[PDB]
């Protein structure tokens, strides 16, 4: 009902009051809280006296910590080569606007951009590629011969596959980061355009270099050092010069410059623990204007009145990008560190750029003469996010109603960056780490001074609940300094902690591994579940005959002799639950591949898959709890469904089903005397069979050959630099606390009085070191069958915020490079 925005200056106050008067969003009232600086506004948000503000991407990390504890919620989205159904989304967004006479993207029946796009109110038409980018020079005015638009849509990777080394592409057609040559066994990494990355080509039999995912994005901004043409100094002569900065906490005015200085060995500075960066910079420059600095010389050149001088606020006339440009223009500084947005063609006569390679270049070369790319700012609020919904509603309705959000006659870059075109809601999962990305996050953590000093002799294990925390505390108090404990809410949180340098290793089931291997983490060890052979456990050199891995199979009755694998469309199938590997993922994947129609909701008959839609076919014949007529629990992902779990999926084939997708164990687990005292009382394993992939059948004990696929074992993973350490400690900690450990009377790794299946599955026999084989790391963990079956041997089969945080954003002018 109310949204309080925090303004840092009188000009932001004036613009905010203008928006209060003019912008009329229903059921939401805008209120303007005035503070004197950026930090004061962050504190006001932390105190609850304000609700939202806009921060430079450099301030997000320090915003996420004490004494602020803020999270980004609303950011400007960037166009990339990963956008799917872009035309439909842009057309919907344009139609949602409350205006008349604006470009509404015209799509075709399939949702693709029409080659010719027109603006009805103006009559101007132009040609456009598959991503909606105007072909240069094709804009035709009304009454003029339109440019004949071709269909520029063929991806460059698929164009290289034709006319043919045959590179691999994904389903959309983009370049796979890992490239494997078939004629010559070579593995290498490629850019977002297939351009080979230097230093990644590996001969065969050698382990391949881990390739990172790349996303080609457009309209990037950069941190640049503007300098007047009348001056003559270069970059390594910055010491003693007078400087203007946009802000002490902005990336375009401080952080990027500090990084470049320390990398070029230009800044005399020990470390963030030995000396603050402001001291080194105050000793580096003579007199400067750096709004927010706590050194007198770094504020001598600022032009703010008493009380307003050197504040992170437009009250200081030299604050911001345009403030730094004004400080340079009025000869109060020799160089101005700002963003590429402040550049203009009206300045290409007096000013020029200052490149870190000790050369000078015109402004138009900012893409090849800068201190680094600067991500867009973000609207942040409290980490508790009590007002995110209201702030988002207000901002979205203000954007739909064409309110003057990103412009003002009072000044530039007030409230938001004037270069901002559109604000979008970020996933509630996104914090500072996910927003900035792993590499930028670690850079900020190192610059602030929070960089964790690694210990090669202590492993920080991550727990996902309180019972695992108690077992880890036991293990740590008994380990003798070799084991420490960190807490997270879920395994993906543990992966994020490991990527943030806050944890060291974690056990992940297979359903979490694709993300982990995507973010660079490698399997340190694999769980060994072979209950019959302790060979590899007693002596690590012993070869693993079988890891005790579960084999997904399709169990059928010996009575039904028509159920074949080529005859699984229809019938009545059985699933252990939605999400489970053997009872859902493997069959759904095999079916979606072999049947190109690929609609499971209509593929089976009255299938029972707990977790689907209660009205769909995948929820019939699921008798939900026999003796509880006071509630309806059919198709529940819990024990309240008598069809959930392996036992329920087997009871499905017993009672009303024709085929049940289960691990191979259930057949022996609910049969042959070793079976419950109810429905499976006189059932025999000889009355059942398995469905093989070639369309035949076989006895149950043939699960190693007549299987749908194999399930990889749970993997304890860590960062690469830590593998040699982690394994080591693990090995030692097994010899003391394994199943045959020397001190097994003091602690067991695979058991606990605090619970069951904590840290590791209690059925785990031991932990076997991962044998890094010279192939694709996902091909080496999942294995070719599982990799191609679930993820199609593709680095693009899944998308999430964490994968986006581990993706390198390759800047480019446009996607026309195809």
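Numbering follows the first chain given and starts at 1.
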Residues of the deposited chain absent from the coordinates between residue 164 and residue 165 total 10 or more
Using the B-factors recorded in the PDB entry, average over the C-alpha atoms of 427-435 and of 167-175, then report which stretch comes out higher.
167-175
Name the higher of the two by mean Cα B-factor in the PDB entry, 87-95 versus 690-698.
690-698
Looking only at 503, 396, 554, 369, the Cα with the top B-factor belongs to 554
From the list 598, 121, 80, 286, select the residue with the highest C-alpha B factor recorded in the entry.
598
Test of reading the entry: by CA B factor among the chain's modelled residues, which third contains residue 756?
middle
Going by the recorded CA B-factors, say which third of the chain residue 785 sits in, lowest, middle or highest.
highest
Among all modelled residues of this chain, ranked by Cα B factor, put residue 305 in the bottom, middle or top third, i.e. lowest, middle or highest.
middle
Looking at the C-alpha B-factor of residue 142, is it in the lowest, middle or highest third of its chain?
middle
Taking the chain's C-alpha temperature factors as the reference, tell me which third residue 67 falls into: lowest, middle or highest.
lowest
